[PDB]
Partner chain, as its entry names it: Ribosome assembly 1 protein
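Presented below, as structure tokens, is a lone chain in the form deposited without the partner chain.
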């Protein structure tokens, strides 16, 4: 266990973290999720990312620092959760995950839950701090 990197902003609080992890889990089961920094980057480049989740304890943190920049340029919501171990479990994997992307599906059974998370993230972004 490690504390969130100072560059890991915005950081979802405990409540938002659980909300995010639960949606990530449902997205994993519905195969509406991409895992890893590279796969996440590609969803952004393709415009198929509803939102990006990153681990604040990613080490080294540099491997994912391009994501906040990319999301800001693409107007895509992004947030950091405190644990890569927890995000890994939510992704339905026995390994830590440092980045994940919930992909687009307007007919998704969990569309409303994804939209709810997006709105929460967007509100956080409005409250200061940008990577640019």
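Only residues modelled in both forms are compared. Numbering follows the first chain given and starts at 1. Definition used throughout: the rigid core is the maximal C-alpha set that superposes within 1.5 Å between two forms.
Enquirer: Tell me which stretch has the larger mean Cα B-factor in this entry, 102 to 110 or 83 to 91.
Expert: 83 to 91 has the higher mean C-alpha B-factor.
Enquirer: Identify the stretch, either 68 to 76 or 93 to 101, whose C-alpha atoms have the larger mean B-factor according to the entry.
Expert: The stretch with the larger mean CA B-factor is 93 to 101.
Enquirer: Just say lowest, middle or highest third for the CA B-factor of residue 25 relative to the other modelled residues in its chain.
Expert: Middle third, going by the recorded CA B-factors of the chain.
Enquirer: By the record's CA B-factor, is residue 116 among the lowest, middle or highest third of residues in the chain?
Expert: Its C-alpha B-factor, which the entry lists for residue 116, ranks in the lowest third among residues of this chain.
Enquirer: Comparing residue 124 with the other modelled residues of its chain, is its CA B-factor in the lowest, middle or highest third?
Expert: Tercile = highest for this residue's CA B-factor.
Enquirer: Report the third (lowest, middle or highest) to which the CA temperature factor of residue 48 belongs, ranking only the modelled residues of the same chain.
Expert: Lowest third, going by the recorded CA B-factors of the chain.
Quick note: we don't show the form deposited with the partner chain bound, though the next part is all about it.
Enquirer: Does at least one non-hydrogen atom of residue 122 fall within 4.5 angstroms of the partner chain in the deposited complex?
Expert: Contact check for residue 122: yes, within 4.5 Å of the partner chain in the deposited complex.
Enquirer: When the contact criterion is heavy atoms within 4.5 Å, does residue 48 count as touching the partner chain in the deposited complex?
Expert: Although the partner chain is absent here, residue 48 would stay clear of it in the deposited complex, with no heavy atoms inside 4.5 Å.
Enquirer: Give a yes/no on whether residue 69 approaches the partner chain to within 4.5 Å in the deposited complex, heavy atoms considered.
Expert: Yes, residue 69 sits close enough to the partner chain in the deposited complex that at least one of its heavy atoms falls within 4.5 Å.
Enquirer: Would residue 75 count as a contact of the partner chain in the deposited complex, using a 4.5 angstroms cut-off between non-hydrogen atoms?
Expert: So residue 75 counts as contacting the partner chain.
Enquirer: Pick from 22 to 30, 35 to 43, 95 to 103, 76 to 84: which stretch has a heavy atom within 4.5 Å of the partner chain in the deposited complex?
Expert: Contact criterion met by 76 to 84 only.
Enquirer: Taking the rigid core as the frame, does residue 21 move its C-alpha by 2 Å or more between this form and the one not shown?
Expert: For residue 21, whose C-alpha is compared between this form and the one not shown after core superposition, the shift is less than 2 Å.
Enquirer: Core-aligned, is the CA shift for residue 110 between this form and the one not shown 2 angstroms or more?
Expert: After core superposition, the C-alpha of residue 110 moves 2 Å or more between this form and the one not shown.
Enquirer: If the C-alpha spacing of residue 77 and residue 111 moves by 3 Å or more in the deposited complex, is that a move closer or farther apart?
Expert: Closer, not farther.
Enquirer: Quick one: with a 3 Å or larger change, is the residue 110 to residue 77 CA distance smaller or larger in the deposited complex? Answer closer or farther.
Expert: Residues converge in the deposited complex, at least 3 Å closer.
Enquirer: Once both forms are aligned on the rigid core, what are the runs of 3 or more consecutive residues with C-alpha shifts of 2 Å or more between this form and the one not shown?
Expert: The segment that shifts (3 or more residues, C-alpha shift of 2 Å or more) is 109 to 125 alone.
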